[PDB]
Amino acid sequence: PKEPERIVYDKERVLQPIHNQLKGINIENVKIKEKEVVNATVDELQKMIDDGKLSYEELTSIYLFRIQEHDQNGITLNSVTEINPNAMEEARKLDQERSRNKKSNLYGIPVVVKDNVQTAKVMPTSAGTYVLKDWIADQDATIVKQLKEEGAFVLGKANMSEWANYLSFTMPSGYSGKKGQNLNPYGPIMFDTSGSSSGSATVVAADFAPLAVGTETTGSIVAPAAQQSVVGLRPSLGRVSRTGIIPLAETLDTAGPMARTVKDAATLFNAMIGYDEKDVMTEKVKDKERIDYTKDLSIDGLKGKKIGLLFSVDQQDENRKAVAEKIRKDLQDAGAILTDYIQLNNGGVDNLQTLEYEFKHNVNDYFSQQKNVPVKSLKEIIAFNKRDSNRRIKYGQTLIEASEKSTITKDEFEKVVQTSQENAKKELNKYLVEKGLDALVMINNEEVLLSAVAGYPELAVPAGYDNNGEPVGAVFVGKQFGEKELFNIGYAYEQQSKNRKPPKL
């Protein structure tokens, strides 16, 4: 992959919606409440408005102001693709019906969803592409529809690696032909943002939003979360509906919550989960009940837990040696039994061929359902990009070209997926279920291939910063349908370490 550059497309796409609903606002009250809102958890934000020292309209104003001054100006992280023009109108209405309709922790809380998540009549869904930059979907994604059932509203959309990082091998992470290059708030250009949920990681890292929604095929959530020092969760395959999300490979596709705090992540995770008749994958959770993932979160959640390490401190470079060593300490200091150095075996577990065949089919089937989409096939996209290469495909489109002319048959595909799932699931259970380990911890995204295919949940927690200041996260692998135990484990590791530091913008 090539290096990231300071490239920003269509800046007025974000500024004008911000500028329009910030004409009748006092900048004095904004900057004052800004210092009290930044790095504050969701629970703390609810306390600031219960005491009357803040409101939802003010909360939204601060974020929009920060996006205007930091994301599209100043340091210019360029992590926001779209902004809800009705963000203030919805915020004020949530203030009026607050004392009457308040019920959930998510009420009035602005949420930023990934650019590949559908919203109705308001914000375009493009998956970071230039060809879909202006296409507004007909219906909301189910996760968006369920979000507004608890009071939450979509503040805007986050930047991402185009096509969920499936365009070319040379394209830098965080880049999209729609908005441009995403920059890491801990060190622009210097540090990569990772992908493909780069923007969803940045908006919560730079306090552009309290919560964010990302998608993951293989590491697209936990890797940018670790690279930008924020919390990211990949749910079990079937826990969260994918309906209303531009796919990549429905075999692996999933949508997870992202925040600065494990607590806040679980708060968002409450409204994302549920049942969906449209997504047949969510019929593996039908015989289960909805839970509050914020109640059973104790600081002694690591007491007695058996975490298997997927990294070795001694074999680590001098740069990450100090960070990796502190991970073991914090786990031990919290009272957990650590298991040596477990080296997972990636054998027979395919990822690329699963993507090459399924991408063309998922995309074409996706566009066939839409009403007024400017493209109805992957073939038309390829032809569209060719007409202005330097703009629409600066780093090419080799991957989507390979998927279009793929020779792989459906028999070869479903057979590979079958063997891959049985291998990864057995490899994981070998340590998790068989040897009685509660969870597996890794550094960054070194071991995501197995847990993604097997459908096991993943939780990224800020593990600190190396000698150069580059963010390093600790991603936990939980057991199947064990998001409840993962959050409890993740919360205990988070509080008994506190590695995350707010970035200097």
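Quick note: we count residues from 1 along the sequence shown, nothing fancier.
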query: 199-207 set against 280-288, stretch whose average Cα temperature factor tops the other in the entry; finding: 280-288
query: Which of 48-56 and 465-473 has higher mean CA B factor, as the PDB entry lists it; finding: 48-56
query: Most elevated Cα B-factor in the entry, residues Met160, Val131, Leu167, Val433; finding: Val433
query: Among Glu404, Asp192, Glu82, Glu412 - the residue whose C-alpha B-factor is largest in the record; finding: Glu412
query: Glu149 - which third its CA temperature factor falls in, relative to the rest of the chain; finding: highest
query: Ranked C-alpha temperature factor of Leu459 among modelled chain residues, by third; finding: middle
query: Chain-wide C-alpha B factor ranking for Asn444, given as lowest, middle or highest third; finding: lowest
query: For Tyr341, the third of its chain into which the C-alpha B factor falls; finding: highest
query: B-factor third for the C-alpha atom of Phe487 within its chain; finding: middle
